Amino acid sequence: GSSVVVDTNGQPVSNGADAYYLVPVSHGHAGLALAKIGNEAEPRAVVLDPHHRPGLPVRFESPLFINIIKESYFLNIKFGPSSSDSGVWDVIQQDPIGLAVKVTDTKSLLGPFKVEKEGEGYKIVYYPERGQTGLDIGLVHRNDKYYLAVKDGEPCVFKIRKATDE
């Protein structure tokens, strides 16, 4: 809980100010991307894509006026620059994936994710209603894609690399 989330150089992950890659510890070849799900015409679901590494960088944000992130904080997670709320993560029921990670254009004050230590890195945990019980984000294989989606007990484990290559 009171543990500070750190990047792959061991430094505290910043609150909103920097972008970071979520690098899978057992799938370092793959990176986050947006893909189509169900019948949508725009790509709105987040996949682990073997074609892109390190993938789309994200920012972790808390309303707290602190510039570090702890594992106990509720976080919004978003693609894109801080000035934009068009790539905000949410978890949305979608058949046949399940509870799929998707991107939206609206942000609540408190997001529903936490970043929690797991194995050698961190998993993303979704808290429906921001209550006490969290659901692990892992991978759901459907239609030739590996979708980030709830898979409780089967988390995809990531390490967090500051996105200074850009």
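Each residue number is its position in the shown sequence, starting from 1.
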Got a sec? Mean C-alpha B-factor, which is higher, 99-107 or 63-71?
99-107
Comparing 115-123 with 35-43, the higher average Cα temperature factor in the PDB entry belongs to 35-43
Highest-ranked of 149, 19, 25, 13 once sorted by CA temperature factor in the record:
25
Where does residue 134 sit by CA temperature factor within its chain: lowest, middle or highest third?
highest
